[PDB]
Amino acid sequence: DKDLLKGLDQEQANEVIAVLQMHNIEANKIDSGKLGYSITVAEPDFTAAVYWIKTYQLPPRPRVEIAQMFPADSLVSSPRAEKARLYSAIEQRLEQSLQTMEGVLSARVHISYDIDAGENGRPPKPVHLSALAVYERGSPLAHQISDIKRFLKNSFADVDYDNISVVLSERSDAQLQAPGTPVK
Amino acid sequence: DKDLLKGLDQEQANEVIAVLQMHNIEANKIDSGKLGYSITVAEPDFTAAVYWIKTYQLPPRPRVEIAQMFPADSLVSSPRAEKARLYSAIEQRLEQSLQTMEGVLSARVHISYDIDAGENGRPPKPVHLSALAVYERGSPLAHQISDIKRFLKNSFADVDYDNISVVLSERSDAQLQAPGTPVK
Amino acid sequence: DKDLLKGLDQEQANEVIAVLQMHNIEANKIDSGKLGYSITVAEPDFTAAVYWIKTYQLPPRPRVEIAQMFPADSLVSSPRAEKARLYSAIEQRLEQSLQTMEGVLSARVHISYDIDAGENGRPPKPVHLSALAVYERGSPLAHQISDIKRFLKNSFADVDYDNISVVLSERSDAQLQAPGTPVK
Amino acid sequence: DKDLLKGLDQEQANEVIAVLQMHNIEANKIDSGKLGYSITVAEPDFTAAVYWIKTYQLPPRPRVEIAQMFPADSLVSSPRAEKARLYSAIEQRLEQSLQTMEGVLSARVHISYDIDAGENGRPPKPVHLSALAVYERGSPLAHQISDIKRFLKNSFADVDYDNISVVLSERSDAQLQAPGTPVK
Amino acid sequence: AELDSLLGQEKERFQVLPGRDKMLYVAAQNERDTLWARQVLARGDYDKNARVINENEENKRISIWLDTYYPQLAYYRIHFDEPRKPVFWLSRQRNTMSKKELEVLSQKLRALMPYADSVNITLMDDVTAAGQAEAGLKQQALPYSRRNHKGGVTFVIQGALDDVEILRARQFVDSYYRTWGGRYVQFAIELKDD
Amino acid sequence: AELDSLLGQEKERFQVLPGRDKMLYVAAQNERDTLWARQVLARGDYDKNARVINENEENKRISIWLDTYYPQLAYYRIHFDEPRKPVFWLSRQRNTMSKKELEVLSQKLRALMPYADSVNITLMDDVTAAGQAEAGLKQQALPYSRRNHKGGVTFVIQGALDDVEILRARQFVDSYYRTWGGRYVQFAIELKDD
Amino acid sequence: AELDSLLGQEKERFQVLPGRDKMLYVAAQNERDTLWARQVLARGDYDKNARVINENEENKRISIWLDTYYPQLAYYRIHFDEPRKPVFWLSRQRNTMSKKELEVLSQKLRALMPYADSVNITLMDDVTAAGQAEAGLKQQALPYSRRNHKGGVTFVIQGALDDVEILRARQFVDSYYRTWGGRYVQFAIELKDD
Amino acid sequence: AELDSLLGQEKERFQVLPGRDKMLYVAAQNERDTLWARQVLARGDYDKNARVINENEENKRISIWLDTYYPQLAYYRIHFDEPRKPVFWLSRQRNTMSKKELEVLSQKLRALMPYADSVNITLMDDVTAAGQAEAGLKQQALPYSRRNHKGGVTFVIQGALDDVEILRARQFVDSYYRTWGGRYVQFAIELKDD
């Protein structure tokens with residue numbers, strides 16, 4: 001009966017719990033209304049629980065996206081800011097698309113930025129793309145990677161097969177069993 | 001009788017449930033009025049349920065479209081913003097069209113952008129297109145892909161058959177059976 | 001029954017405790033509401049506890065990120081500030097991505113900055129990247145390092161395999177056992 | 001029963017005590033609420049205690065960081081001030097990174113500054129780096145030093161292996177035993 | 001709690017098998033059904049040893065053991081089809097085992113499969129495996145370059161590819177793999193700029 | 001508190017072994033299960049000596065002792081598979097130990113493994129180890145340069161690599177390592193600019 | 001307050017030894033466990049002489065005494081492994097001590113180790129130490145330059161290094177050191193610009 | 001107030017000695033422990049003459065007296081190790097004292113050390129001192145220039161130095177000093193620009 005975390009939002013609470021269960025630790029999610037969620041554990045596990053909170057940098061931080069630092073609420077704007085805002089949206093939109101492909105469970109996308117080509121009287125640089133993906137276990141990753149790469153190639157003004165990188169894998173053995181209580 | 005998710009909107013609630021059922025987990029959708037929807041599960045499944053919420057990045061985020069970052073509410077506008085707004089609408093309109101083709105269940109469309117050609121004294125670049133599609137199972141995908149490509153080719157000022165990419169597949173075995181309750 | 005630390009936030013409190021347990025010291029976390037957390041220890045351990053607080057620079061400082069010093073709340077902005085803000089976000093976003101790779105428990109990312117190339121009439125310099133990573137114990141680090149490096153290579157406008165450095169290792173033996181009480 | 005120090009903050013109080021214990025002097029930490037902490041010692045030790053307060057420049061001063069002298073609260077700014085602010089943040093961020101490396105207990109980082117290159121019509125100078133580190137006793141320092149140096153080399157726009165200096169060592173024999181009371 | 005009633009409404013998706021080791025096995029034809037059954041075992045209950053069978057997972061489990069005890073054995077893939085009597089494809093040309101040795105081999109395989117009653121080891125001709133791989137590949141009008149080497153053959157497909165031929169290529173490869181397996185014929189699709 | 005009931009619902013993930021040293025051992029096939037079992041021992045209780053077994057950790061523990069008492073011994077990897085009778089791969093060509101000496105060696109190994117009933121030392125041909133390493137490597141169409149030297153061989157892979165061939169390379173290497181181990185064949189993947 | 005119960009839950013992390021000097025010793029295999037045990041002795045209590053043992057600390061303690069009383073003695077490292085009978089590696093080629101002198105030496109070492117029952121001094125061939133150092137070094141495909149000199153050998157590694165080869169280099173060096181020690185073979189990694 | 005109980009919990013950090021001058025001595029192995037014990041004597045109490053011993057401080061105290069009464073005596077360092085019988089290293093080659101004179105010398109040293117029962121004066125060969133200094137220095141791959149002169153030798157290390165070789169240099173020097181002392185071999189590290 002020890003207090004581990006307090007004031008968690010919904011996402012954070014569920015993520016932390018997932019980790020604890022994975023490492024054989026039961027956890028309680030307590031709804032304190034406006035005060036958020038609290039996570040408590042059995043005293044026998046408490047030491048281990050703390051160790052894992054440290055190990056996995058828990059609770060999770062909010063996801064960082066470029067547009068979050070160049071808001072439309074500003075009274076004025078600049079070419080620099082506007083171009084950045086657009087690219088941010090594009091990365092998000094590409095992620096939304098890849099996650100609908102057959103066998104894909106999760107995917108992340110990055111695009112290179114251009115902050116001062118024209119500014120310096122220079123022509124724009126070639127666009128670089130990179131992506132991460134997680135597939136359903138047992139899927140033929142070695143071939144699937146070519147769909148991603150082809151799709152992305154014609155998804156942007158000027159890229160090529162040498163400037164697109166894809167790193168991927170598949171999910172682990174699903175934790176379908178409860179950790180269990182302490183012996184006492 | 002465990003609380004899994006709270007404050008979900010209608011779309012999110014139904015999407016999460018679909019996933020849980022697919023993985024053999026019963027789920028309750030609770031209407032709390034202005035407070036949104038809540039999803040609860042049987043304690044025997046709860047561990048697995050959490051695992052899958054993590055695995056599939058649930059609950060779902062709202063769909064990202066380019067025009068959402070360049071609103072008409074602004075007191076002023078720029079060529080950059082206006083051109084972006086137009087392209088956003090065009091992608092949406094093309095998606096609306098492809099989803100009406102025979103055998104198509106779902107489709108997504110991307111178009112390349114041009115943010116500073118004329119700005120730098122340069123001529124505009126060729127337009128690139130890419131698209132994703134899901135067909136009714138048993139459909140002859142290897143031939144259907146040519147309709148999509150032909151349609152898109154003359155749907156825009158200057159594209160060609162080498163700068164249009166289509167990646168597609170078909171739906172999985174429909175989950176027409178209930179998961180079932182726990183044994184107790 | 002000695003007072004060690006007071007007024008700690010949640011993160012700090014849990015981090016300090018983790019260290020004390022690692023060195024065989026039991027510790028109490030006391031919730032004083034609005035006044036924060038307090039850490040107390042058994043008098044027999046108190047001397048050692050103090051020693052370790054010193055040794056590990058405890059309690060921990062808040063994490064430093066570049067954007068924290070160039071806030072959007074400013075009435076005016078400059079190219080210098082805006083470019084810095086962008087890079088800060090990018091580092092954060094890259095860290096978020098690496099931590100989702102299989103076997104990665106923690107990762108940190110740095111990118112070089114450019115504060116006055118164009119300012120001085122000069123062309124921009126090549127981008128340098130560096131990163132730290134912690135893997136699940138038993139993982140084949142000597143090969144995994146190549147995924148990180150490849151991923152980062154096409155994640156930015158102009159880098160190369162000689163200007164990307166990765167230093168990494170794996171976690172220690174998990175502290176899954178309680179320290180125990182003093183003999184008396 | 002002598003008064004040694006008064007009005008100490010939490011950090012200072014614990015640091016001073018650590019030193020006194022190291023030199024075989026028991027010390028009391030008294031919480032006077034809003035008035036801070038007070039340190040008292042046994043009259044038999046008082047003379048020695050005073051000597052050591054002098055010797056170690058106690059109580060400790062607050063840590064000095066460059067950004068503390070060029071605050072964002074200023075109504076106006078200058079290139080000089082802004083560049084300084086950035087570098088300050090960077091040093092802090094590098095320290096945060098080195099302290100997460102395996103075996104590192106503490107680390108400090110310095111970077112050279114450039115206050116008037118461009119100002120005088122001159123090109124910028126090469127960047128110099130230096131760092132201090134404390135390792136877990138028994139660690140192979142002679143090899144570990146190469147990770148630090150490699151990491152830092154690609155952590156900044158333009159440095160080299162001749163302009164990066166690392167000085168390091170390891171912790172002393174931990175003071176795990178209480179000083180003891182006076183004989184009377 | 002009869003297992004047949006514990007499993008989904010469409011009971012014909014699973015084949016329950018009674019292993020001689022007192023473990024009741026659930027043969028599934030797809031990883032979605034594999035997971036379904038595993039969730040049943042974890043969610044519900046059944047007082048008896050039980051274990052879900054997956055064709056690919058079992059093929060792999062066996063190949064691990066097999067490599068340790070019979071290293072250098074040249075073989076293709078186990079066809080489970082009818083659980084009771086799975087078929088073991090063995091390289092006719094590369095193996096020189098005697099009939100008696102093959103008897104022993106099948107007996108060891110029977111030990112590895114608690115449900116199977118017997119194992120049908122049969123010898124396949126390496127030439128026909130390669131012949132089919134190339135024939136179908138060129139039937140699809142795909143560009144390629146064959147790589148014969150001692151112990152196997154690799155089919156290299158490079159250059160920029162049309163979305164249509166990409167689809168066709170994968171469909172072919174997946175089917176070949178499903179039948180023969182990837183221990184002799186290796187395909188290498190490499191989408192590159194020209 | 002029978003250990004079998006203390007461990008997870010799917011009891012078939014662990015093999016409990018009864019060591020002659022009165023220690024009840026838990027054989028796990030994966031570090032996630034290793035940790036699972038360790039948490040059980042720390043969280044719950046069982047009034048008896050107990051210790052979790054991990055194939056790689058045990059392989060390492062033995063190799064440490066073995067190097068001290070039998071320095072210069074040329075060997076590959078211990079295959080635990082069936083706990084009771086683990087197999088010890090020994091370099092056939094590099095070792096010149098007599099049959100009697102090998103008897104003694106196996107006896108020392110038995111002492112190191114409280115659960116194992118006997119140790120099956122067998123001699124492997126260094127040539128076939130190297131042959132498989134290179135054969136699979138070139139089957140995957142990977143570029144490389146072989147480095148034969150006294151006591152071993154290294155396979156150098158340099159230059160810029162396509163994401164596809166990177167994936168293939170790692171898959172191959174991991175499997176080779178898992179089987180033979182990295183004491184004779186060393187792979188060296190080096191992603192570099194050209 | 002039996003010491004075994006005073007030490008952590010996983011009692012198998014420590015080996016308690018009963019020294020002939022009436023001091024109860026705690027052998028630890030890692031500095032984290034060394035500290036653990038030391039904290040137990042300072043935190044709790046046990047009415048009897050006690051002292052925590054650390055393989056490296058003891059190796060050093062002995063080497064200090066040994067240099068004073070037996071200066072110029074050429075040796076490598078003491079392998080504690082089985083506390084009772086630690087093994088002392090002695091340079092076969094550089095030492096010319098008689099059998100009787102070696103007897104005396106082992107007796108002095110026994111005096112230095114209150115727990116050890118006897119000391120197994122054995123002579124090692126300097127050539128094989130050097131041979132292993134270089135063989136592994138070049139197996140890892142590392143660049144180096146050997147420095148033979150009277151009394152030892154140094155392996156110089158200079159130039160700019162790839163992060164991958166840096167990792168490999170350290171792993172190798174640490175292992176060599178752990179086994180043989182750094183009294184004969186000295187490694188010199190120097191990361192420099194070219 | 002038994003002194004053993006007055007000193008810290010880990011009583012094994014100090015060696016209490018009973019001097020023939022009725023002074024109870026506290027031998028400490030480190031200046032932190034030296035101070036610890038001194039604070040005990042000033043803080044607490046013990047009705048009896050007492051004095052804390054420090055190896056380096058005693059080495060110095062003796063050398064002062066020794067220079068006055070035996071000027072020009074060529075010697076190295078006193079090794080206290082076992083308090084009762086400290087060892088006095090004397091230059092074998094530079095001293096020409098007779099056996100009887102050496103007897104007297106040891107007797108004077110006994111007078112200087114109230115606790116020591118006897119003094120073991122032994123003669124060391126200057127050549128081996130120098131040999132070790134240079135051998136280790138060059139083993140570390142350090143640049144240097146030797147300076148032989150009547151009565152001693154100096155090892156000059158100049159030029160810009162890499163942080164790695166700086167660390168190595170100091171480690172070596174400190175150890176040499178600790179053993180032999182700085183009366184014959186003098187090191188001279190000079191970090192300079194090139």
# chains A, B, ... in the order shown; residues from 1 in each chain; ligands from 1
call {"tool": "select_by_dssp", "arguments": {"residues": "segment 51-161 of chain C", "states": "alpha helix (DSSP H)", "output": "PyMOL selection string"}}
result
chain C and resi 51-55+79-98+141-153
call {"tool": "residues_around", "arguments": {"residues": "residue 109 of chain C", "least_positions_apart": "6", "cutoff": "6 Å", "atoms": "only C-alpha atoms", "output": "count of residues only"}}
result
4
call {"tool": "interface_residues", "arguments": {"of": "chain A", "to": "chain F", "cutoff": "6 Å", "atoms": "only C-alpha atoms", "output": "compact mmCIF listing (two decimals) with C-alpha atoms, in the first residue's frame"}}
result
# COMPACT_ATOMS: atom_id res chain seq x y z
CA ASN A 24 5.33 -8.48 -12.98
CA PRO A 44 6.55 -6.02 -1.50
CA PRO A 182 2.42 -11.13 -3.31
CA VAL A 183 2.57 -14.18 -1.09
call {"tool": "calpha_fit_and_write", "arguments": {"fixed": "chain F", "moving": "chain G", "output": "short mmCIF file (atom, residue, chain, number, x, y, z; two decimals) with C-alpha atoms, in the first residue's frame"}}
result
data_model
loop_
_atom_site.label_atom_id
_atom_site.label_comp_id
_atom_site.auth_asym_id
_atom_site.auth_seq_id
_atom_site.Cartn_x
_atom_site.Cartn_y
_atom_site.Cartn_z
CA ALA G 1 3.48 -22.45 -2.01
CA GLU G 2 4.39 -24.76 -4.87
CA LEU G 3 6.68 -22.87 -7.22
CA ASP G 4 4.68 -23.96 -10.26
CA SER G 5 1.67 -22.08 -8.89
CA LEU G 6 3.82 -19.11 -7.89
CA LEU G 7 4.95 -18.65 -11.50
CA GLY G 8 2.64 -17.17 -14.20
CA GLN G 9 -0.63 -18.63 -15.58
CA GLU G 10 1.07 -20.07 -18.61
CA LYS G 11 3.22 -22.46 -16.63
CA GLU G 12 4.64 -23.87 -19.86
CA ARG G 13 6.88 -20.81 -20.19
CA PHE G 14 9.15 -22.16 -17.46
CA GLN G 15 10.94 -25.39 -16.79
CA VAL G 16 11.42 -26.03 -13.11
CA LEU G 17 14.46 -28.17 -12.39
CA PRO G 18 15.50 -29.98 -9.18
CA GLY G 19 19.22 -29.50 -8.63
CA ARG G 20 21.26 -32.01 -6.63
CA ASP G 21 22.47 -29.09 -4.49
CA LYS G 22 18.93 -28.74 -3.02
CA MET G 23 18.30 -25.63 -5.11
CA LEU G 24 15.17 -25.50 -7.17
CA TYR G 25 15.99 -23.95 -10.52
CA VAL G 26 13.79 -22.02 -12.92
CA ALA G 27 14.81 -22.30 -16.54
CA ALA G 28 13.65 -19.36 -18.60
CA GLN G 29 13.95 -18.97 -22.37
CA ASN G 30 13.91 -15.17 -22.45
CA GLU G 31 15.18 -12.29 -20.34
CA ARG G 32 11.59 -11.08 -19.88
CA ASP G 33 10.74 -14.40 -18.30
CA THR G 34 14.01 -14.35 -16.41
CA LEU G 35 12.97 -11.10 -14.79
CA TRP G 36 9.43 -12.38 -14.27
CA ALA G 37 10.68 -15.32 -12.22
CA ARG G 38 13.17 -13.19 -10.31
CA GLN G 39 10.38 -10.84 -9.30
CA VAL G 40 8.39 -13.83 -8.11
CA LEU G 41 11.22 -14.94 -5.87
CA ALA G 42 11.68 -11.42 -4.44
CA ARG G 43 7.94 -10.60 -4.21
CA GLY G 44 6.48 -13.84 -3.00
CA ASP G 45 8.13 -16.57 -1.07
CA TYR G 46 9.27 -20.13 -1.15
CA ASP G 47 11.08 -21.76 1.76
CA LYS G 48 13.89 -23.35 -0.24
CA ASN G 49 17.00 -22.44 -2.17
CA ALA G 50 16.06 -21.26 -5.63
CA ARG G 51 17.71 -19.72 -8.67
CA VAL G 52 16.61 -18.59 -12.12
CA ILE G 53 18.48 -20.01 -15.11
CA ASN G 54 19.22 -18.07 -18.28
CA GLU G 55 20.86 -19.79 -21.24
CA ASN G 56 23.16 -16.90 -22.10
CA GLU G 57 23.99 -16.06 -18.52
CA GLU G 58 24.93 -19.65 -17.83
CA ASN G 59 26.94 -19.91 -21.00
CA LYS G 60 28.91 -16.89 -19.78
CA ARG G 61 29.29 -18.11 -16.18
CA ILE G 62 30.78 -21.33 -17.41
CA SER G 63 33.08 -19.66 -19.91
CA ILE G 64 34.59 -17.58 -17.11
CA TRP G 65 35.47 -20.56 -14.96
CA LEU G 66 36.51 -22.53 -17.98
CA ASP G 67 38.99 -19.91 -19.16
CA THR G 68 40.68 -19.85 -15.73
CA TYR G 69 41.05 -23.60 -15.29
CA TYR G 70 41.30 -24.57 -18.94
CA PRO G 71 43.03 -21.60 -20.64
CA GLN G 72 43.61 -21.91 -24.36
CA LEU G 73 40.70 -24.41 -24.66
CA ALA G 74 39.17 -23.96 -28.10
CA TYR G 75 35.38 -24.19 -27.95
CA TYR G 76 32.18 -22.72 -29.34
CA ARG G 77 29.00 -22.68 -27.31
CA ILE G 78 26.99 -24.73 -24.87
CA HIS G 79 23.58 -25.77 -26.12
CA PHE G 80 21.36 -26.14 -23.14
CA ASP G 81 18.15 -27.18 -25.00
CA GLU G 82 17.33 -30.19 -22.79
CA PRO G 83 18.59 -28.94 -19.33
CA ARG G 84 19.49 -32.47 -18.19
CA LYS G 85 22.02 -33.07 -20.95
CA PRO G 86 23.50 -29.85 -22.43
CA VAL G 87 25.80 -30.17 -25.40
CA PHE G 88 29.26 -28.70 -25.41
CA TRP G 89 30.68 -27.81 -28.80
CA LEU G 90 34.46 -28.22 -28.83
CA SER G 91 36.87 -27.40 -31.68
CA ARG G 92 37.72 -30.74 -33.27
CA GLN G 93 40.73 -29.44 -35.13
CA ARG G 94 42.30 -27.12 -32.57
CA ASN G 95 42.07 -29.34 -29.49
CA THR G 96 44.38 -32.30 -28.96
CA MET G 97 43.00 -33.51 -25.62
CA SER G 98 42.93 -37.24 -24.95
CA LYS G 99 39.73 -39.15 -24.34
CA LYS G 100 40.58 -39.40 -20.65
CA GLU G 101 41.22 -35.68 -20.44
CA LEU G 102 37.87 -35.03 -22.08
CA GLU G 103 36.22 -37.27 -19.49
CA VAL G 104 37.68 -35.11 -16.75
CA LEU G 105 36.60 -31.95 -18.53
CA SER G 106 32.99 -33.11 -18.72
CA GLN G 107 33.11 -33.97 -15.04
CA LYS G 108 34.21 -30.47 -14.17
CA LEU G 109 31.40 -29.10 -16.28
CA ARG G 110 28.95 -31.34 -14.41
CA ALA G 111 30.21 -29.78 -11.19
CA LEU G 112 29.51 -26.34 -12.64
CA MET G 113 25.91 -27.35 -13.49
CA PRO G 114 24.04 -28.64 -10.31
CA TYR G 115 20.98 -29.58 -12.35
CA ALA G 116 22.56 -31.22 -15.37
CA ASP G 117 22.97 -34.95 -15.05
CA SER G 118 25.71 -35.24 -17.63
CA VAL G 119 27.50 -33.21 -20.27
CA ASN G 120 27.70 -34.21 -23.89
CA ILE G 121 30.99 -32.91 -25.19
CA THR G 122 31.25 -33.19 -28.94
CA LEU G 123 33.81 -32.08 -31.44
CA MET G 124 32.88 -29.72 -34.29
CA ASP G 125 34.77 -29.06 -37.50
CA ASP G 126 36.02 -25.46 -37.70
CA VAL G 127 35.73 -25.55 -41.49
CA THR G 128 32.01 -26.14 -41.45
CA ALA G 129 31.51 -23.29 -39.02
CA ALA G 130 33.30 -20.91 -41.36
CA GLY G 131 31.63 -22.40 -44.42
CA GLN G 132 28.15 -21.73 -43.09
CA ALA G 133 29.06 -18.20 -42.04
CA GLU G 134 30.22 -17.25 -45.50
CA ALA G 135 27.62 -19.23 -47.43
CA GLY G 136 24.67 -17.56 -45.74
CA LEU G 137 26.36 -14.17 -45.92
CA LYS G 138 26.77 -14.35 -49.69
CA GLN G 139 23.31 -15.96 -50.11
CA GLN G 140 21.88 -12.72 -48.75
CA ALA G 141 23.79 -10.89 -51.56
CA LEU G 142 25.81 -8.93 -49.04
CA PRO G 143 29.21 -7.37 -49.84
CA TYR G 144 32.03 -8.45 -47.58
CA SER G 145 35.67 -9.25 -47.22
CA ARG G 146 36.87 -12.35 -45.39
CA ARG G 147 39.77 -12.24 -42.94
CA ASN G 148 41.32 -15.59 -42.20
CA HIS G 149 43.80 -15.61 -39.36
CA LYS G 150 45.26 -18.07 -36.94
CA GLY G 151 42.55 -18.96 -34.47
CA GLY G 152 39.56 -17.42 -36.28
CA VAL G 153 37.94 -15.53 -39.12
CA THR G 154 36.42 -12.08 -39.47
CA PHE G 155 33.87 -10.92 -42.04
CA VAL G 156 34.20 -7.25 -42.81
CA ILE G 157 31.23 -5.37 -44.25
CA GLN G 158 31.98 -1.78 -45.24
CA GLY G 159 30.59 1.01 -47.38
CA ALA G 160 27.23 2.71 -47.55
CA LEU G 161 24.39 0.28 -47.11
CA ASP G 162 20.81 0.13 -48.35
CA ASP G 163 18.25 -0.11 -45.55
CA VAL G 164 17.09 -3.41 -47.02
CA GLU G 165 20.50 -5.06 -46.98
CA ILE G 166 21.10 -3.67 -43.51
CA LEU G 167 18.07 -5.51 -42.22
CA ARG G 168 19.08 -8.71 -43.98
CA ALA G 169 22.62 -8.51 -42.66
CA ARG G 170 21.58 -8.23 -39.06
CA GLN G 171 19.05 -11.04 -39.28
CA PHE G 172 21.72 -13.36 -40.62
CA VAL G 173 24.34 -12.38 -38.08
CA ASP G 174 22.03 -12.77 -35.11
CA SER G 175 21.09 -16.27 -36.19
CA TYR G 176 24.68 -17.36 -36.79
CA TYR G 177 25.65 -16.05 -33.38
CA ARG G 178 22.74 -17.78 -31.69
CA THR G 179 23.84 -21.12 -33.13
CA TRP G 180 27.62 -21.14 -33.22
CA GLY G 181 28.49 -18.21 -31.00
CA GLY G 182 31.08 -15.49 -31.61
CA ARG G 183 34.28 -17.25 -30.52
CA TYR G 184 35.49 -18.27 -33.96
CA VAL G 185 33.53 -16.23 -36.47
CA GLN G 186 33.44 -12.50 -35.94
CA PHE G 187 31.28 -10.21 -38.03
CA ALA G 188 32.09 -6.54 -38.53
CA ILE G 189 29.35 -4.33 -39.93
CA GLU G 190 30.63 -0.83 -40.58
CA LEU G 191 28.24 1.71 -42.07
CA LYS G 192 30.46 4.25 -43.84
CA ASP G 193 30.36 6.96 -46.52
CA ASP G 194 31.74 6.34 -49.99
#
call {"tool": "interface_residues", "arguments": {"of": "chain C", "to": "chain A", "cutoff": "9 Å", "atoms": "only C-alpha atoms", "output": "ChimeraX atom specification"}}
result
/C:10-11,14-15,17-18,21-22,29,67,71-72,79,82-83,85-86,89-90,92-94,96-97,100-102,105-106,118,121-124,147-148,150-158,171,174-179
call {"tool": "select_by_dssp", "arguments": {"residues": "segment 37-107 of chain A", "states": "strand (DSSP E)", "output": "JSON, numbers by chain"}}
result
{"A": [37, 38, 39, 40, 41, 104, 105, 106, 107]}
call {"tool": "write_last_selection", "arguments": {"atoms": "N, CA and C atoms", "output": "JSON list (two decimals), in the first residue's frame"}}
result
[["chain", "number", "residue", "atom", "x", "y", "z"],
["A", 37, "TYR", "N", -5.00, 11.15, -11.73],
["A", 37, "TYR", "CA", -4.88, 9.76, -11.33],
["A", 37, "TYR", "C", -3.69, 9.50, -10.44],
["A", 38, "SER", "N", -3.85, 8.52, -9.58],
["A", 38, "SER", "CA", -2.77, 8.11, -8.71],
["A", 38, "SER", "C", -2.48, 6.64, -8.87],
["A", 39, "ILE", "N", -1.21, 6.28, -8.80],
["A", 39, "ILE", "CA", -0.84, 4.89, -8.91],
["A", 39, "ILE", "C", -0.24, 4.38, -7.64],
["A", 40, "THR", "N", -0.80, 3.29, -7.13],
["A", 40, "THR", "CA", -0.29, 2.69, -5.91],
["A", 40, "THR", "C", 0.07, 1.24, -6.12],
["A", 41, "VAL", "N", 1.01, 0.75, -5.32],
["A", 41, "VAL", "CA", 1.49, -0.62, -5.44],
["A", 41, "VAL", "C", 1.62, -1.31, -4.10],
["A", 104, "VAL", "N", 0.65, -2.44, -40.20],
["A", 104, "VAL", "CA", 1.36, -1.43, -39.42],
["A", 104, "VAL", "C", 0.61, -1.10, -38.15],
["A", 105, "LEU", "N", 1.31, -1.19, -37.04],
["A", 105, "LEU", "CA", 0.75, -0.91, -35.74],
["A", 105, "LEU", "C", 1.09, 0.51, -35.32],
["A", 106, "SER", "N", 2.29, 0.94, -35.65],
["A", 106, "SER", "CA", 2.73, 2.29, -35.31],
["A", 106, "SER", "C", 3.79, 2.81, -36.26],
["A", 107, "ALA", "N", 3.79, 4.11, -36.50],
["A", 107, "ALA", "CA", 4.81, 4.66, -37.38],
["A", 107, "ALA", "C", 5.07, 6.12, -37.10]]
call {"tool": "atom_distance", "arguments": {"atom1": "atom CA of residue 143 of chain C", "atom2": "atom CA of residue 141 of chain A"}}
result
18.2 Å
